[PDB]
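Below is one structure, written out as structure tokens; comments come after it.
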Amino acid sequence: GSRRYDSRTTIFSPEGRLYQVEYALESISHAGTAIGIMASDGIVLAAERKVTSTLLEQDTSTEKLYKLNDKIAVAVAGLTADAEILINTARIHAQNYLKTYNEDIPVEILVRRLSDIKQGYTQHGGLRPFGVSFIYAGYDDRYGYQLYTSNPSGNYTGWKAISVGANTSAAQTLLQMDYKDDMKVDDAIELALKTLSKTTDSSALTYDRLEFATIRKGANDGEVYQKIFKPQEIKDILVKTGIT
Amino acid sequence: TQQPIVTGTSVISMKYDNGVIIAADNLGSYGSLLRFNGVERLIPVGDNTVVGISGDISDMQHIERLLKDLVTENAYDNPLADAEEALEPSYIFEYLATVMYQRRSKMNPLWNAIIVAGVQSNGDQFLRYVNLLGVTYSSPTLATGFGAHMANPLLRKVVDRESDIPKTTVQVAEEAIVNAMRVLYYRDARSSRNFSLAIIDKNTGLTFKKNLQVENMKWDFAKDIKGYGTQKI
Amino acid sequence: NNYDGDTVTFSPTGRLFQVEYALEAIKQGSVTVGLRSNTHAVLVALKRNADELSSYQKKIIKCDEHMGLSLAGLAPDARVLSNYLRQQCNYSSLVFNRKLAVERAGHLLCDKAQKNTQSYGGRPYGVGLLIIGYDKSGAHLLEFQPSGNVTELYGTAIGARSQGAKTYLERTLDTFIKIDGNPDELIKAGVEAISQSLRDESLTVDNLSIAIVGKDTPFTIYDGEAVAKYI
Amino acid sequence: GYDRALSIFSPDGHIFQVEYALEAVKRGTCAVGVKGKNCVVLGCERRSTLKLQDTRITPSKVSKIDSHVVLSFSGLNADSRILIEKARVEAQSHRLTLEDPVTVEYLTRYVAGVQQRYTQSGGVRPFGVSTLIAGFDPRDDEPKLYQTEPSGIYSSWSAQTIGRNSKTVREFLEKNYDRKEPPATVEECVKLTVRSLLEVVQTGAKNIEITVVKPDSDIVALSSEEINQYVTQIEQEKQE
Amino acid sequence: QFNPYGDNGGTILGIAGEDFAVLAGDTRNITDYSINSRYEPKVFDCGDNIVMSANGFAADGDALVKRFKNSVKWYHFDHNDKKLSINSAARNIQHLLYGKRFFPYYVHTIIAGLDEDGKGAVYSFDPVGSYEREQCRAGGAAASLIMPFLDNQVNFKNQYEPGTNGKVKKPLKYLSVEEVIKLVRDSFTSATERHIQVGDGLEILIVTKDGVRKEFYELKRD
Amino acid sequence: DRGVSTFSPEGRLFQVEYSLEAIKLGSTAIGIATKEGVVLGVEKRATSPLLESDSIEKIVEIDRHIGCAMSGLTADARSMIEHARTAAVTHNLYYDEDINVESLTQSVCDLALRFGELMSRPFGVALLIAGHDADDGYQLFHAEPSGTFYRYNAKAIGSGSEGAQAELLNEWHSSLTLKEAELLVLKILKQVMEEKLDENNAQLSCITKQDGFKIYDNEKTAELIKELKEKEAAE
Amino acid sequence: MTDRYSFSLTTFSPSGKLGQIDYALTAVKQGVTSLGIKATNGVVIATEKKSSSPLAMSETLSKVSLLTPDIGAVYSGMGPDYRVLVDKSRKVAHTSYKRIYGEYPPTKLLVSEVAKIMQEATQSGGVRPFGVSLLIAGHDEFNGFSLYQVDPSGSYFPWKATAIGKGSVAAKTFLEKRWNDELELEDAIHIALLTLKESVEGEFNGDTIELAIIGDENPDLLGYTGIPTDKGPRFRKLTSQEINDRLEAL
Amino acid sequence: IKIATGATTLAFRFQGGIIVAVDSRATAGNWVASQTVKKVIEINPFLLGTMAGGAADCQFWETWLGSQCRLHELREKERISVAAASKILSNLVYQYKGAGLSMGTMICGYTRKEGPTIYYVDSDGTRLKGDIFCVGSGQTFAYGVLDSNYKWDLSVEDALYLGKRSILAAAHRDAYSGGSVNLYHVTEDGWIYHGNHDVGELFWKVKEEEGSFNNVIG
Ligand SMILES: [Mg+2]
């Protein structure tokens, strides 16, 4: 019968590893680097677009940074199509929570549920896992500013600063070196860009090859604002830090 | 939940020494309208059984189709289909009785009253009744509808108990049935003059009589009846 | 070799290896014999034990008052097929007030075994059956094989060393067929038949198993001291 | 639905998928359980290759199943969340129907049953997780400590360890733990648990987690400074 | 609107002795004011020395008996030809009846036989499965006529020892099979006189350790 | 790979045969049947000294009149016991009586072959089912994952089964008392066990008509162990 | 019987590659060249009509398809896969948008729905990926004119101008030199025809070339009058004659 | 059919455990079907249940309850609580709510952790813990005798009489109650049956010995 053609996506190796999860992580390691840095008064999300062409429409484009709700955003590393499936599910889950409790969903609860979906694909169903790693940046009234990451295994962890995708080993060393706890958003913006600038596989880091976003309490009195940076705004912040 | 539309009235029957007789008129009533006049309500199954059906005619035609299909199915992979493993009256009855009770238990009955008349392989007479409720009973005489009220009393004067069956001939039994059909024509408003009659004998087999008529009727005394009490002219 | 992974695959010579491997399970099973006259039908079965401390595996199963079988091979598969026969016999009685013909019983078993040999996932039944019975056309003996093939016979035997008993019955055909109105003599012929398949072991009181059905005899099984008469 | 039998027998009578699930447990961070005279202590390793972590929000290794029972584990982290969720639901379901909280044995038997079901169900792989379940039965002061594993077998332990280098720490506990006289106090039990982890861990900084459970739903997690005091005390006594 | 129930009349009677038990019933079957049959048996030998009758709506009655007879057959298959005790049969019948709690069998069921000590046993059921063991039970159309007579003659109710100022009751004792049949016959001839649905014939099934015996008696046919 | 319900060329189901190898790796379990009762005994086999041996539950009650001992992948037995208990209680509900030991065993064995591509694999555990009923009296059954069950006068299963079965062949007779049977289980267990037999690493149980199924205390078994050693030294 | 293929046929290899997607892209590479160019006041999409036989009527086979009145599509790769995607794309525009909001979806969202369908064929049980790359041109009130590419993986990218299929590498280079942000629609059509001539080998005329535009509203193509707000479709397929007129002044 | 029959059942907590007392009459309209009905259901040796409302509904589901209680103690190696046993039954009938079950029962037991415990369980889903409960057509008559004479420090002998006398009061006045009285005493070690008492003989006996029922000539 059909047994002959089954790859058996949800099995253990002799060493106790999940083949498909490991190979999905290998796929993600070739994706454009994405960095998240958490400050005391906000969060930064920075991501490198995958080898840009000059005729690509840059201003009306979205590849790396997606909005989940007014208080939570994600940076993507891996297959974009896979990420969008998961993103729509996460958007729906956030609204279900708001409908039920009349309160915005706590960041971890959203992360846990999305990670539990990934876990399912590794344990049952016989389907390939989602080839995606997320960096979740968000705010709630319980824990304040929070950074998480999830990967195809469905395992998630919290971070002060973290990178996913390509050159994470080199990127994590640079972040570990220059990061400190009393850091501001404006300083974190500078760290994120400097790190990408050194770890990039490109010749020089430019505005057209980047996506950028912040989550500050920079709005008027005790409320959070999401800023997805425009092309011209990235051009300005790149000059202001002295990279170009 | 149903309501019957086109209906057939009484079916009457009795046992005699060597077999059974069954009869029913050829009418399909549509309420008070006597709409259809060429309706056969006696349906033979093989050469040893006759099923007489009253009530809803659309449901009767459905049962005809089931019995016809039953004969076909019994012949499959059956070298003795025309011998030892042929369909018996008791087999045909139990099948119908199962169906009738199952349909009443689904609140969607076959709106019929059925009498299965025949002779078994060992020569024993078979006569049993079943209706829309799945109710079953057997008796030396059986009748449905008005026949139960008017025919049974006449047929029970011939065969009042089991011991009267060997004493009753086919000539006497047929005479009583034909007389009963006349009485029903006198007194049942949804009956017709034309009818069918079937005899299943253990020796002479199945005899199926069509296009019979009620005859030797008494109507002459009607001319002497005037008014409703006092009237003289 | 490459064509025996499942029942859905034909070999280049047109063989179904899984069905043949199921047939092999019957050959390993203990011997059982079936034979009939015109009035009665008899099953004789050599029961097998695990060791001296264990009981002897029951080989004969009753299906109705007028029908039953003996098994050889996987016993659980016989339980499934015998249960199916019990239901079919019972359906015939409740719906049609009719005792199920032994021939139809065979046709129903054939069709049930067949479906398991044409579909992916499932497996063939790993047991052979000898069905006896008395119906409206007299006494009957059937041989069921899990390939689906059912055969009506005067006498037969299945299991290990069944060729010896089968040869004997082929010689004795003219004699035992005319044993009418005599149960004990028909059994004796069956006990002598199964004896031709014995090696080193002999028929003891808790080893032998006999069953009979006939004209004025319901399907009944004899075990223990009740078979001491025939040793 | 996906039906494939993934967990099956091999010629030598082994179910490799279940045994490979144990290898995943062997890869996981070390977890230890020690029960005293009036308490149970759950110790857990945290690998130190991960700096720049946020310990406020990062999932804790020890999880509360109810107010009186806790669950720690070794193996795949994602798999453990599924067992913990099911256990928490069953804990509330038991309170709803029996009008009484679960016993530690019952909760363990349920979790072990879930693990077993995944070893002979079509289309699923076994959980790459072994758990240590500890607590106190309602209106009872006798300490309970149970262990489960991917196959589904479970059993009670005076003291036990699971995860990487667990055979080393089990060796330590086997000579240091006395059945006739278990740790009489909370301090003694915690110290023995920390000592056993110090045979394997590396440094006693932010690598060791300790959770103490006492009778009548009295559970508390120790902070860094509190744990560091045990580490400082043990090392000074060692130099002798 | 279609009414799935009907009333086929008739009445039944079960009495238990010391080493025997009887289950009687009239043979008349009716609908409204018509007689369907003068001899239609509704007391059946179900095997294992158990006799059974399910009186009321005959279609439901035949279905129940048919299902119980089948239950006995499968009990033998599944439990190595073990004899089904009267108490086990009773519990089984409860589950048959209660299985249709929300679309009931419109019948009053009575079974009779011998218990495991060899003593006479009668069990009676309501339409939805409540049951009870009793020495005496009448069921059906004329139950209200027969039962108070049984109370008086079998269980000696309201009868006191002569001269004892109504202080000493008449002592309970087992009746012979001959005396019980006398009470059954007199019960049915009295019911026949005063109930229109009762008559034609009387069929009694007697159960002893030896087996099941039958007796038939004529009743008035009007 | 290959199908789960596949036959070998010799005519056996691969998966059933492979599950039998798993049962050989399991701890020893012995059962002996007498006219005074049936005795069941098992090797606990703790993997480590820190493991509390009293939590090892390899002897189990099904009903008051039926007991059960297991050997092999013991986790697989839980659903078998659950089914057995339900079958026993359900029959009591339907028939107001105790259920026959054979009928109970047959119900358990019907689960055995309900696997394929139903559960994904056969059970990797064998069961010794002991009990009493009015018809056939004291009984002992051996239920395999093949769906087959044999009745036994005495039976051993597990790692030391072939050695213990040969010993039971010589020792068993039809006039054994209950006390004699208890000692005989302990004697044979001590012979095949790796570690030295005592009350903590071995467990006894029995089923009698009068008192029903009972698991023995560690205090009671300890005295029977002491009684056993004295009798062997006495000649 | 029944579909027993409930498992993924596309899986990750040790190197991290999704084989079936890569092989699907290889099939797209073999496919005939198609392109799209965005202007200030419109969008153009074009492709070569590779005829299987001269007896075949190439008019009956439409490589450029209307999805909504303001959205069009063209492809490179396997034609049958494209045809069923167009059917599904048209239906999803109604079921998941027009029947809810009473208006046609904007280009980006319809593209998103098509991408979803193609992603599912990459992960669902018992199916292979679609062997096509789409170019979807469209207009909507709030986003204006737009051009999107969709790949077998389900990934989609917005383009100022691009090409896919056989000679896409050379064609993209040609478009980089010619494209600017001040291009009028007629200039974009002219560049499209120049770019396409390089990849086409045989005959180059209105019968062998298929070309459509997303431009101004066409009241004459609406089919009715009376509702002022309804002004007609922005999608228009250029005729064989209209193409040949522009090939003279080339 | 007729499931709506009369009854008088009671159960009360006291110093020495629980007393359970019931009548024995079953009626189909005015017709007295039986005088020998068992209205106490012996769920197991430690638990009792009372029958009121549907006879079948009470019999069937309280026997079923005994099966669930046996499975509980096999799995947990511990006696089931009265709370847990009552809740299994109440949750079950709640699933059937609206279908037409008719039930009014007292689930009675005596355990270590709880002591003597009574739960009134009812077919519309009600589950009440309490000290005194009376259910049936004659419940009002029985309550009057109970309320006026009840004390926690009653002896076992006096408590048994009180339950017997309360049923008699109902049997006398309520037409659909009578026949005989069945008594039970529930202790921690199990229930004890205290016999069947014909109301006919019991009435005259109580009249003479007590001096009550002067309105009745005897
Ligand atoms: Mg009369």
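Sequence lines set the chain letters: A, B, ... in the order given, protein chains first and strands last, and positions in each chain run from 1.
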Closest non-hydrogen atoms of B:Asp59 and B:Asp56, given as atom of the first, atom of the second and distance, are N-OD1, 3.0 Å
Subject >> Side-chain donor-acceptor pair present, B:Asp25, B:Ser191, cut-off under 3.5 Å >> reply: no
Output for pair (B:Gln2 CD, B:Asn108 CG), nearest 0.5 Å, gives 5.5 Å
- Message: Could you go through E:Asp62 and E:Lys42, starting from their C-alpha distance and side-chain angles, then the distance that decides it, and tell me whether this counts as salt bridge (charged side-chain N to carboxylate O under 4.0 Å, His left out)?
- Response: CA-CA 8 Å; E:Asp62 290 351; E:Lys42 64 198 178 226; over 6 Å; no
key: Side-chain donor-acceptor pair present, B:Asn26, B:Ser192, cut-off under 3.5 Å   = no
Would you say B:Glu64's side chain and B:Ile43's backbone share a donor-acceptor pair under 3.5 angstrom? no
Look at C:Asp180 together with C:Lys215 and state whether they make a salt bridge at an N to O cut-off of under 4.0 Å.
no
Indicate yes or no for a side-chain donor-acceptor contact from B:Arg128 to the backbone of B:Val116 under 3.5 Å, with no hydrogens or angles considered. no
One should read off an interatomic distance between B:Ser32 OG and B:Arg190 CZ, to the nearest 0.5 angstrom, of 5.5 Å
Item to complete: Taking the side chain as every heavy atom from C-beta outward, state whether E:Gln197 and E:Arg28 have any pair of such atoms under 4.5 Å apart.
Response: no
Problem - Residue pair C:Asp64 / C:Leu100, side-chain heavy-atom distance below 4.5 Å - result: no
Quick one: does NZ or CZ of C:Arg98 land under 6.0 Å from the six-membered ring centre of C:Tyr91, within 45 degrees of the ring axis? no
Quick note, ring-ring contact (aromatic ring centres under 6.0 Å, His included) partners involving residues 129-177 of chain B, not counting sequence neighbours, are B:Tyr129-B:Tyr137
Output yes when B:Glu40 and B:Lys210 qualify as a salt bridge under the 4.0 Å nitrogen-oxygen rule, no when they do not.
-> yes
Exercise for the section: Would you check if B:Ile53 and B:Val11 make a side-chain contact, meaning some heavy-atom pair closer than 4.5 Å? Expected result: no
Inset, instruction - Start with the C-alpha gap between B:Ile200 and B:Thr49, add the side-chain angles, then the distance that decides, and say whether side chain to side chain contact (heavy atoms under 4.5 Å, CB included) holds. - result: CA-CA 7 Å; B:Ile200 309 96; B:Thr49 316; over 6 Å; no
Exercise. If you measure from the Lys or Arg side-chain nitrogens to the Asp or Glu carboxylate oxygens, is any gap between E:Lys214 and E:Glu203 under 4.0 Å?
Worked result: no
Closest heavy-atom pair, B:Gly123 versus B:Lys202, reported as atoms and distance to 0.1 Å, is O-CD, 3.9 Å
Item to check | B:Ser29 side chain vs B:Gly31 backbone, donor-acceptor pair below 3.5 Å | outcome: no
Residues B:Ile199, B:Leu206; criterion side chain to side chain contact (heavy atoms under 4.5 Å, CB included); working and verdict
CA-CA 6 Å; B:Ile199 306 160; B:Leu206 169 58; over 6 Å; no
Original post:
Do B:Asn152 and B:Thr141 have a side chain donor and acceptor closer than 3.5 Å?
Top reply: yes
Here the gap from E:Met52 atom CE to E:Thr109 atom OG1, rounded to the nearest 0.5 Å, amounts to 5.0 Å
Interatomic distance, CG@B:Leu142 vs OG@E:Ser37, rounded to 0.5 Å, equals 7.5 Å
| query | Judged by atom type as modelled, is there a donor-acceptor pair below 3.5 Å linking the side chain of B:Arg193 to the main-chain atoms of B:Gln213? | reply | no
Report the C-alpha separation of B:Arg161 and E:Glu218 in whole Å, then their side-chain angles, then the decisive distance to 0.1 Å, and conclude whether the salt bridge (charged side-chain N to carboxylate O under 4.0 Å, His left out) test is met. CA-CA 12 Å; B:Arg161 71 261 312 289; E:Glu218 297 262 316; 3.8 Å; yes
task: Flag the pair B:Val50 / B:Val20 as yes when at least one side-chain heavy-atom distance between them is below 4.5 Å, and no otherwise.
output: no
Does B:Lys218, at its NZ atom, have more than 12 non-hydrogen atoms belonging to other residues, nucleotides or ligands within less than 6.0 Å? no
Nearest heavy-atom contact between B:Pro140 and B:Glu162 is CG-OE1, 4.3 Å
Those residues at least two apart in sequence (or on a different chain) that pass side-chain hydrogen bond (donor to acceptor under 3.5 Å, both in side chains) with B:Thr98 are none
Flag side-chain contact, heavy atom, 4.5 Å: E:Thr189 against E:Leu219:
yes
When every non-hydrogen atom of B:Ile165 is compared with those of B:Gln125, the smallest separation belongs to CG2-NE2, 3.5 Å
Q) Side-chain donor-acceptor pair under 3.5 Å between E:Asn70 and C:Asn90, yes or no? A) yes
For this session: Give a yes or no on whether the backbone of E:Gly10 and the side-chain of E:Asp26 come within a donor-acceptor separation of less than 3.5 Å.
Result: no
Is E:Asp60 paired with E:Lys100 through a side-chain N to carboxylate O contact shorter than 4.0 Å? no
So NZ of E:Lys69 and CG of C:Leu94: to nearest 0.5 Å the spacing works out to 11.0 Å
Scanning both residues in full, the closest heavy-atom pair of B:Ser121 with C:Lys136 reads OG-NZ, 3.1 Å
Here the gap from B:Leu67 atom CG to B:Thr72 atom OG1, rounded to the nearest 0.5 Å, amounts to 11.0 Å
Test side chain to side chain contact (heavy atoms under 4.5 Å, CB included) on B:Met100 and B:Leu110; report intermediate values, then the result. CA-CA 7 Å; B:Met100 299 302 274; B:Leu110 290 166; 3.8 Å; yes
_Could you check whether any side-chain heavy atom of C:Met67 comes within less than 4.5 Å of a side-chain heavy atom of C:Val102, counting everything from C-beta outward?_
yes
All heavy atoms of B:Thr144 vs all of B:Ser54, minimum pair found to be OG1-OG, 3.2 Å
Contacts satisfying side chain to side chain donor-acceptor pair (under 3.5 Å) that involve residues 5-22 of chain B (not counting sequence neighbours) are B:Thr9-B:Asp188, B:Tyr16-B:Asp201
Taken in chain and number order and not counting sequence neighbours, the residues that satisfy side-chain hydrogen bond (donor to acceptor under 3.5 Å, both in side chains) with B:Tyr186 are none
Residues pairing under ring-ring contact (aromatic ring centres under 6.0 Å, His included) where one sits in residues 29-69 of chain B, two or more places apart or in two chains, turn out to be none
If you measure only the distance, is there a donor-acceptor pair under 3.5 Å linking the side chains of B:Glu85 and C:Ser137?
-> no
**Prompt:** Is any side-chain heavy atom of B:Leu70 closer than 4.5 Å to a side-chain heavy atom of B:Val45?
**Reply:** no
| task | Flag the pair E:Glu215 / E:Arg185 as yes when at least one side-chain heavy-atom distance between them is below 4.5 Å, and no otherwise. | result | no
Quick note, ring-ring contact (aromatic ring centres under 6.0 Å, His included) partners involving residues 67-109 of chain B, not counting sequence neighbours, are B:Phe93-B:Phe126, B:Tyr95-C:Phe96
